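Residue numbers (UniProt numbering), protein chains in the order written: chain A, 328 to 363; chain B, 363 to 480; chain C, 364 to 622. We put the beta carbon where it would ideally sit given N, CA and C, even for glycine. Structure record follows, encoded as C-alpha cells.
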Amino acid sequence: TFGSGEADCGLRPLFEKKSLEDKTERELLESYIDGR
Amino acid sequence: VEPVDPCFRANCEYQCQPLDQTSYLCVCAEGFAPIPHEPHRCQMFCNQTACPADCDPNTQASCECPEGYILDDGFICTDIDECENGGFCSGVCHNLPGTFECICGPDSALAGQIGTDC
Amino acid sequence: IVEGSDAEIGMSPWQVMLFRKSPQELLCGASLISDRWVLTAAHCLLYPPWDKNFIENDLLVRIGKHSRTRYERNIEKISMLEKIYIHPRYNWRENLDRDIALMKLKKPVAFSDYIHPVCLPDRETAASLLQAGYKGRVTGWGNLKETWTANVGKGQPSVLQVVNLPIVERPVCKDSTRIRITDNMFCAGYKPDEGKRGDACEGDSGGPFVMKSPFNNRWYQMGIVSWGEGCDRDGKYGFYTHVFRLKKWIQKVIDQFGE
Ligand SMILES: *[C@H]1O[C@H](CO)[C@@H](O)[C@H](O)[C@H]1NC(C)=O
Ligand SMILES: [Ca+2]
Ligand code: NA
Ligand code: NA
C-alpha cells in the first residue's frame, strides 16, 4: 500500500544512486548536530 | 441602391471579406483562423515544429499557443511529441504538428484515431 | 525563490511544474509522491475570493524540468490530470489552513534520472527531523524577489532555484505575524541575527520543503510552500503546509481513489 515505508523513494539517480553528493547537501547534514 | 458592401455592418475582430451583396466572412491574419464556436474571432494555428506564440502586447509575456503546442524559449510555440512523451496513445503512434495519430486494434484494418487514445 | 541558487541537474527529481495552458505560464510548483500522484498546495488551484478555480483541463503537469522556459524535449515529461482532490477542510476563508491538494495522473509517469518520487515522512521521521534549527530545502521557479512594486532583480529565474532554510521554533513563528498559525503549518527561514537569508516567493507554492535523512539517506517532503507576507523580509518566515499532519488524508484519497 501507499505510505508503508517500503517504496523506493527519496534516492536520486544522479546523486545517492551514484554515490555523488550535491553542492549544499552537507549544510543540511551539519544542521543536525546540536550544541550541548 | 446597388451595390451594398456587406462588411460595412460586420463586426469582425480582424478583417471582413465580402461574398455576396448580402453575405460576408470574418477572416484573420496569416497564421490565424476563425474560432469555430466564435466565427467573428481569431485564434492562432501552427502546422510545423514551431511558430511564434500569440502574445498580447498590452501585458508583458502573456502568450497563447494552439492545442498540442507548448511555449518555449523566445516566446515560441513548439509541438508536443505525444508519441515520444508517452501516455497519450497505447497503440501505434504517429506524431503530428498540433496533435497525433493513434492506431488502435488489434483487429483487421486498424482504426486511425486523431488526438485520442485507444 | 529569494536568495537561492541554480539547482543542479537531477537535484530535485520530484519537483513538478504546474503549467497553465491559457495563457501559457507557470502556475505553481508541486511534487511527485508516486508514479501516478502529485502533491501541491490548494490555493494554487482554488481561491474563491479572486474567482480562482482551475480544473483538470486548464493545466499541464511537467515533470523532470530544470529550465523554467525551455521545453526540455526527451528530458521533461507532460502528464495529463485525471482528477484534482482539494482538501475538504481547506480554509481559504481565513488562514489557508490545510493548504493541500492531490492530483491523480491519467497515466503513470516514467521514472528516469530527472524523474523520481520523494518520500513522505512517517511518525518517526517527522518527530526526528521537524525540529527548530534543522535545515530543510525548498525549490521552485517563482519570483526572485518580492517584486510587484520597484525592485532590482532578474524577476523570474532561468533555471530551477534552490535554497536551504532552517525550521523555526513555533513561538517565534507565532510572534512574527498577526495571522493565526495552526498545527497544520510550520515556518522556516533565517532570523535577522543569522545574516544568511532566503525564502520562497510567488510562484513557489506547491513546491516541496525536503529534508535528507541522516539515518537512511533518503529525502522526505516535510512541507509544501503555502504562504507568507512579502518575501524574505526581516522578522518574517515562510509558512509551509505540514505534510505529516495531513498524511492521514493523503493516504485516504490515494487508497480510496486507487494508486
Ligand atoms: C468550480 O467548479 C469546479 C468544477 O468545474 C469544482 O471542482 C469547484 O469546486 C468549483 N469551485 C468553485 C469555488 O466554484
Ligand atoms: Ca504533436
Ligand atoms: Na488575426
Ligand atoms: Na529573511
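- Proximity of the beta carbon of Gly552 (chain C) to ligand 4 is indicated: a heavy atom of the ligand is located closer than 7 Å.
- The beta carbon of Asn447 (chain B) lies closer than 6 Å to none in the same chain, with the five residues before and after it left out.
- Restricted to the segment 418-461 of chain B, the beta strand (DSSP E) segments that are unbroken, complete and at least 3 residues in length are 424-426, 431-434, 438-441, 454-457, listed in chain order.
- Relative to the non-hydrogen atoms of ligand 4, the Cβ of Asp441 (chain B) never comes closer than 7 Å to any of them.
- Ranked by how close their Cα comes to the Cα of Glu400 (chain B), the residues B:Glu426, B:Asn409, B:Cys388, B:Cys466 have B:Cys388 in first place.
- Distance between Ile465 (chain B) and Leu458 (chain B), taken at the CA atoms: about 13 Å.
- Taking CB atoms only, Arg399 (chain C) has no neighbour in chain B less than 8 Å away.
- Spanning the alpha carbons of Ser368 (chain C) and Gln524 (chain C) requires a straight line of approximately 5 Å.
- Distance from the CA atom of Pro529 (chain C) to the CA atom of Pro471 (chain C), rounded to whole angstroms, is 34 Å.
- Residue pairing by DSSP places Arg500 (chain C) opposite C:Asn527, C:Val573 in a beta bridge.
- For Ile432 (chain B), a Cβ of chain C is located within less than 8 Å of the residue's own Cβ.
- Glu435 (chain C) has its Cβ no nearer than 7 Å to any heavy atom of ligand 2.
- Interface with chain C (8 Å Cβ-Cβ cutoff): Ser346 (chain A) is excluded.
- Taking the Cα of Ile544 (chain C) as reference, the smallest distance to any Cα among C:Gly591, C:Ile447, C:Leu409 is reached at C:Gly591.
- With a cut-off of 8 Å on Cβ pairs, the segment 385-405 of chain C is in contact with the segment 469-486 of chain C, counting three or more such pairs.
- For the C-beta of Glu333 (chain A), not a single chain C residue is nearer than 8 Å; the gap to the nearest is close to 11 Å.
- For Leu492 (chain C), same chain residues with a beta-carbon under 6 Å away, outside a window of 5 residues either side, are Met574 in chain order.
- With 16 or more neighbouring CB atoms inside 10 Å of its own CB, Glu439 (chain C) falls in the buried class.
- In this structure, ligand 1 has no non-hydrogen atom nearer than 7 Å to the beta-carbon of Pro412 (chain C).
- Between the alpha carbons of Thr440 (chain B) and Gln410 (chain B) lies a distance of about 8 Å.
- Beyond the five residues adjoining it in sequence on each side, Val365 (chain C) comes within less than 8 Å, by CB distance, of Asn506, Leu507, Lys508, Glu509, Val526, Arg560, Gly561, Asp562, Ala563, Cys564, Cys594, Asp595 in the same chain, given in chain order.
- Every residue whose Cβ sits closer than 6 Å to any heavy atom of ligand 3 is listed here in chain order: B:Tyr376, B:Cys390, B:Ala391, B:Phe394, B:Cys404.
- If you check the CB distance, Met585 (chain C) and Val616 (chain C) do not come in under 8 Å.
- Within the chosen limit of 7 Å, ligand 1 reaches the beta carbon of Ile418 (chain C) through at least one heavy atom.
- Taking a C-beta distance under 8 Å as the contact criterion, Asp462 (chain C) and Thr604 (chain C) qualify as a contact pair.
- Against chain C, the CB of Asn420 (chain B) has no partner CB under 8 Å away; the residue lies outside that interface.
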